[PDB]
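To keep things clear, I will list the structure first and then write my remarks on it.
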2 protein chains.
Amino acid sequence: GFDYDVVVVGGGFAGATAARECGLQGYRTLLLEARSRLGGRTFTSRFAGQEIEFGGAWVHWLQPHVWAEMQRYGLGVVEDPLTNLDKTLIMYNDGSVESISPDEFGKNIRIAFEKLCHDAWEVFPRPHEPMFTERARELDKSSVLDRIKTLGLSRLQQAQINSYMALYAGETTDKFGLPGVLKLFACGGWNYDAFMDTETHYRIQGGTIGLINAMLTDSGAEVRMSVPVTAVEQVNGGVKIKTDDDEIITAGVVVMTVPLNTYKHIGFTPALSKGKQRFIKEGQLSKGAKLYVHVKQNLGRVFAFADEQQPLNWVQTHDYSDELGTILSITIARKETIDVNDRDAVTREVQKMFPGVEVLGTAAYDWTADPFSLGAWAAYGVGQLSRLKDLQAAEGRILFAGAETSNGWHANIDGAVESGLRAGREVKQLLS
Amino acid sequence: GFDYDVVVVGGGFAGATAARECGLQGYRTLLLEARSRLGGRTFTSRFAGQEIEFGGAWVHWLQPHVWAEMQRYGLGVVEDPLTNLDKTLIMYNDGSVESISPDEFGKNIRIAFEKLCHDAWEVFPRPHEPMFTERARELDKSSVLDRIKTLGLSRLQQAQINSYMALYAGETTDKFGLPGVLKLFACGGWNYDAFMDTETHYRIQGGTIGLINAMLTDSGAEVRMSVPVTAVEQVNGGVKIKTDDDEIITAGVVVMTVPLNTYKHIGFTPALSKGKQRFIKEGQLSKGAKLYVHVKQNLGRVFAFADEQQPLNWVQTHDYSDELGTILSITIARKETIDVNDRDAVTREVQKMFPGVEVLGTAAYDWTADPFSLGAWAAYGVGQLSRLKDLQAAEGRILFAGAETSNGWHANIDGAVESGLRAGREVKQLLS
Ligand SMILES: Cc1cc2c(cc1C)N(C[C@H](O)[C@H](O)[C@H](O)COP(=O)(O)OP(=O)(O)OC[C@H]1O[C@@H](n3cnc4c(N)ncnc43)[C@H](O)[C@@H]1O)c1[nH]c(=O)[nH]c(=O)c1N2
Ligand SMILES: Cc1cc2c(cc1C)N(C[C@H](O)[C@H](O)[C@H](O)COP(=O)(O)OP(=O)(O)OC[C@H]1O[C@@H](n3cnc4c(N)ncnc43)[C@H](O)[C@@H]1O)c1[nH]c(=O)[nH]c(=O)c1N2
Ligand SMILES: CN1CCC=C1c1cccnc1
């Protein structure tokens, strides 16, 4: 006889999918989002008169769960084509900048990536069962750098692939779990071209927030915003949920979809299992930030990688024209390498790559400083993948979702949707 | 004020998915199945002490819609013994058998398939928008054989790829549309290994009928069996449905999911659009059958192609052991090439492929003789794909689904589920 059948904590894709499932099963469903907005680690905004993406945005048809949702709600794709590049750059750890032919750049990144993932089929014949093979468990003792060191790459190739893997980690590659990379590669059909097609090619028609709103409208759930959850208590065959306004909401079941790195901010009674607490203390690796830079010059279509000891790890032209100048889209692997809110430091770092340009504006999202993400995309450290079930496992009447908890595309919208579907099923099993 | 909000004609995957979508939206939903069983062109049965699939059986995680359903209902995969093969054979049109080392066999089929689909990337960059490129439309004037004739393949390679394509066509390859094959290959990540992994490697835990029953139970719809629909009339802002007896059912909308080849047996008032009538007159090509053979000997893990003038076109091990012997799963492209219900002829042909074996049992399903399939899986003839919209288009309050009508994995369970999701969306738009 509680206030709700199910309470979903978190308004990202995982929470929205869980809420849709529970609502269409007829449960009285409430969703609590801590921010004043939905989307979580997806966030569409505007800068310098244009639309920009501060978080995740890109999807693909090889990603099963989000593609099935797009079919359900009749959403197509929007191509970010990019076409030919006018300038490809690599910045080594020592700060030196080298201009390379786009063709040679692509050839070298392909050689390095295919060497890194040469054994994806043998290790992950079932990418959605990461622990299927013993080889996966054995390789979860190795870092991405451990493998890179064995590949006999050239200096250029090594710098390129290390920059790429530091981006995927949001951290230095010596800490990055190797098997998660192989597993993502395998999810893309064990093939370089197919996987690369998923990276930054297609966005959702009507936007991530469009799909989230469609799901939440379909769900019929009550949706309360700016209501952060601070504690969960299991009692009376149910749960009590406290907000930061000391309010109490009771329910038969609760689905947690908050990012792993934020669990520290929530009290649980009874305490969570030891394995879950190990995960909660560890966190996930990524410390990334996103930055858009409006410069006066028209630099055309540019792309640059910077290795892990430098700040501007992924740079690419968002838009360009003589009147506009250029908007640069920049992903920073580790926030600590640059103060994105300092225009003089940002300008110095940008000019290191593009001499003489004048910075007209900046717009940044520091995902590590946001208390409701405390980090960016999901990136497993060494040894974490093989314990992932400890995080996925239900704890009585508390269920757990989120992209970190997915088996497939765990650094993506698709993994969040997967975890939401699973959480819906688990709610149905508990409530019948 | 009709008897139901929505009536779904057909108890296959498309109908079950449409019924699940409609039921979870709260519509009063009825499902009419003409057979005494559910599953349609999937059929879970038993043979030689084991569970078998007489129709569609194999799925994959690169198939978005059915994989998402499997996640929703908590179903894993069941691996058939395709890896590490002990014997790979080719039987040419003349009946001669050539045994090849499994690696050489796989290498040659890969060479032939990727040569056939060398331009899949350029022609189908968006496999779920088949008419996206002009090249796809222009190639829809060509047959699979038209291209095979340009490839200069070796004898083994040509026989392998022609057997594969005659199986997928259910017909001789001179009639098989080229673009649909390129499009399926593209759906499989544009590479042979990944595509082949999606076709005959993994089955559903608990069976196709397990997933069908899960969806239909979730839907809450009424399910009436042995009720064939003979006519549909649009009247009074709804539709009237006549059965084979004196029953009449009124509804706000009806979703037709019966196989294309059976529409000839159904009257429509008003008559359907000219394009849809053209499709209904043409039909689709497939004349396939399925056959399971239990032999006393333990053959291990076997795989064989037979070209189109022979009956045992696709052979692979279902199960094997010293006590059991072997169960062979055999897919026949054209029923007319063998009397699957005559066990002595089946034994003769099996021994033609595997000399000296002793046949303990046979179990077959002739999909072309069933009046409610009149053919097998979906196989497009020349020129049909570029007109597929004519088949997809709603006709007032009648909606059309089924694997033939899907955009992606159209020869598969996944395409059926896709069409069911689409039909759900269209019903929601019509009824609100
Ligand atoms: C910069 C950047 C770039 C990318 C990506 C991420 C980022 C940060 N990703 C990943 C993608 O954005 C991500 O994997 C999913 O959006 C994760 O969504 P979840 O629902 O799992 O968590 P998410 O963080 O979205 O949802 C959690 C929700 O819970 C809320 N919350 C937290 N604590 C709470 C509390 N105590 N009480 C209540 N609510 C609370 C949060 O505010 C948030 O709304 C991506 N993906 C992709 O597919 N393509 C891409 O290109 C990228 N690139
Ligand atoms: C032997 C064989 C083998 C394979 C496959 C098919 C076959 C026949 N396929 C293809 C796959 O099985 C197929 O494409 C879909 O399951 C078709 O499902 P639909 O719902 O579109 O039609 P399907 O034919 O399944 O459903 C239509 C339903 O409508 C009913 N019906 C017909 N007329 C009616 C009437 N007048 N009134 C009422 N009901 C009526 C039928 O009885 C049937 O139940 C496959 N796929 C895959 O993914 N993996 C595989 O391995 C294979 N292999
Ligand atoms: C996997 N699909 C879909 C259409 C027909 C097949 C098939 C392939 C090989 C053997 N039997 C059936």
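Each chain of the structure tokens is named A, B, ... in the order shown, its residues numbered from 1; ligands are numbered from 1 in display order.
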Please produce, as a Markdown table, a per-residue contact table for chain B versus chain A (criterion: any atom at most 6 Å away, only C-alpha atoms considered), showing the nearest atom pair and its distance in Å to one decimal, sorted by chain then residue number.
| residue | atom | partner | partner_atom | distance |
| --- | --- | --- | --- | --- |
| B:24 | CA | A:24 | CA | 5.6 |
| B:62 | CA | A:62 | CA | 5.6 |
| B:64 | CA | A:64 | CA | 3.6 |
| B:65 | CA | A:68 | CA | 5.0 |
| B:68 | CA | A:65 | CA | 5.2 |
| B:72 | CA | A:421 | CA | 5.4 |
| B:189 | CA | A:194 | CA | 5.4 |
| B:194 | CA | A:189 | CA | 5.6 |
| B:421 | CA | A:72 | CA | 5.3 |
All residues within 9 Å of ligand 3 are required, counting only C-alpha atoms and all ligand atoms; please report them as an mmCIF file with C-alpha atoms, in the first residue's frame.
data_model
loop_
_atom_site.group_PDB
_atom_site.id
_atom_site.type_symbol
_atom_site.label_atom_id
_atom_site.label_comp_id
_atom_site.auth_asym_id
_atom_site.auth_seq_id
_atom_site.Cartn_x
_atom_site.Cartn_y
_atom_site.Cartn_z
ATOM 1 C CA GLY B 55 10.805 -22.712 -39.798
ATOM 2 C CA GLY B 56 12.816 -19.684 -38.771
ATOM 3 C CA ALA B 57 15.144 -20.334 -35.875
ATOM 4 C CA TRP B 58 18.334 -18.266 -35.886
ATOM 5 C CA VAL B 59 18.866 -14.735 -34.543
ATOM 6 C CA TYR B 164 23.813 -19.885 -50.936
ATOM 7 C CA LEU B 167 18.705 -21.117 -50.736
ATOM 8 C CA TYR B 168 18.006 -17.474 -49.899
ATOM 9 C CA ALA B 169 15.849 -17.191 -53.028
ATOM 10 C CA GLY B 170 13.997 -20.472 -52.610
ATOM 11 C CA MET B 196 27.152 -15.398 -41.844
ATOM 12 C CA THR B 198 23.744 -13.815 -38.035
ATOM 13 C CA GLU B 199 22.162 -16.504 -40.216
ATOM 14 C CA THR B 200 22.570 -20.031 -38.794
ATOM 15 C CA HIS B 201 24.551 -19.865 -35.534
ATOM 16 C CA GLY B 288 11.595 -23.770 -49.555
ATOM 17 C CA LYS B 290 12.951 -27.882 -44.007
ATOM 18 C CA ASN B 313 21.062 -27.267 -50.459
ATOM 19 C CA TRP B 314 22.084 -26.220 -46.923
ATOM 20 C CA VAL B 315 23.202 -28.904 -44.445
ATOM 21 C CA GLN B 316 24.567 -28.382 -40.938
ATOM 22 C CA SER B 329 19.373 -29.741 -40.146
ATOM 23 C CA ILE B 330 18.718 -29.369 -43.875
ATOM 24 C CA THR B 331 17.145 -26.420 -45.673
ATOM 25 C CA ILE B 332 15.828 -27.153 -49.172
ATOM 26 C CA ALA B 333 15.612 -24.285 -51.643
ATOM 27 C CA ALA B 376 8.856 -19.902 -47.255
ATOM 28 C CA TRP B 377 10.961 -16.913 -46.138
ATOM 29 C CA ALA B 378 10.798 -13.607 -48.006
ATOM 30 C CA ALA B 379 12.701 -13.540 -51.315
ATOM 31 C CA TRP B 409 16.336 -7.995 -42.176
ATOM 32 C CA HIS B 410 13.468 -8.917 -44.467
ATOM 33 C CA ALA B 411 14.246 -12.639 -44.757
ATOM 34 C CA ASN B 412 14.386 -12.957 -40.978
ATOM 35 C CA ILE B 413 12.447 -12.933 -37.730
#
Excluding residue 101 of chain B and its own-chain neighbours fewer than 3 positions away, which residues fall within 12 Å of it when counting only C-alpha atoms? Please give them as a ChimeraX atom specification. /B:84-90,98,104-108,302-304
Using only C-alpha atoms and all ligand atoms, which protein or nucleic acid residues are at most 6 Å from ligand 1, as a ChimeraX atom specification? /A:9-15,32-35,38-42,54-59,200,228-230,257-259,262,290,372-373,376-377,402-403,411-413,416
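We find atom CA of residue 216 of chain A and atom CA of residue 255 of chain A to be spaced 15.3 Å apart.
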Output as a PyMOL selection string all residues of segment 182-279 of chain B that backbone DSSP marks as helix (DSSP H, G or I). chain B and resi 182-187+192-199+208-219+260-265+274-279
Could you check how far atom CA of residue 144 of chain A sits from atom CA of residue 407 of chain A, in Å to one decimal? 19.2 Å
From atom CA of residue 405 of chain B to atom CA of residue 130 of chain B the spacing works out at 12.2 Å
